[PDB]
């Protein structure tokens, strides 16, 4: 992976190809400044714990093109996309 | 049109239960301009004597429970505003 590369983003649940991302950059962030500037600074904070134990070392920036919408098998009639919800507020005649 | 009649109505109903006055304050211009029955028309060319707003008066309500305007709100939300009033006072609770 390097700038200008095109990677496919895959769903670990059903292996489906979801989106194609086009790499702008590939930078190594200061996990300490994030920890502190975004989520306060406490090492016990859930986000921070994630930041250090789960988040890998590099951030890969880039615009996305869509291949497939995620599949969900729970509550599909209650899940909404901004577009669908908007159409719904309309159908209901809400403002 | 007359506050006297309205207060009479409110006093009689109040003997038996709650009375709510909703003033549909839609402006005369709007009303007249959307009249598809040409009634305001016939009033204007004098075929109908003493028509409220053209001849007869309309005593504006001073202390109504709710004031709405079909010029600025839609039927659906006017209805929603009335419903919210009935709800705050316990009328829509479960029996």
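Protein chains in written order, with my numbering: chain E, -4 to 90; chain L, 13 to 107.
Cβ coordinates follow ideal geometry from the N, Cα and C atoms, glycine included.
Contact check, residue i vs residue j, beta carbons under 8 Å
i	j	result
residue 82/E	residue 14/E	no
residue 30/E	residue 46/E	yes
residue 54/E	residue 24/E	yes
residue 89/L	residue 0/E	no
residue 99/L	residue 78/L	no
residue 20/E	residue 56/E	yes
residue 38/L	residue 86/L	no
residue 15/L	residue 105/L	no
residue 73/L	residue 18/L	yes
residue 34/L	residue 76/L	yes
Interface residues of chain E facing residue i [CB-CB closer than 9 Å]
i	result
residue 89/L	88, 89, 90
Whole-Å CB distance - residue i paired with residue j, under 8 Å assumed
i	j	result
residue 18/E	residue -2/E	6 Å
residue 97/L	residue 32/L	7 Å
residue 130/L	residue 44/L	Nothing about residue 130/L can be read from this structure; chain L reaches only from 13 to 107.
residue 13/L	residue 68/L	6 Å
Spatial neighbours of residue i in its chain, beta-carbon cut-off 7 Å, leaving aside the 5 residues before and after
i	result
residue 54/L	60
residue 63/L	55
residue 103/L	none
8 Å Cβ shell around residue i - same chain, five flanking residues per side excluded
i	result
residue 52/E	23
residue 26/E	46, 47, 50
residue -4/E	2, 18, 21, 55
Neighbourhood of residue i by C-beta distance below 6 Å, restricted to the same chain and skipping five residues each side
i	result
residue 6/E	13
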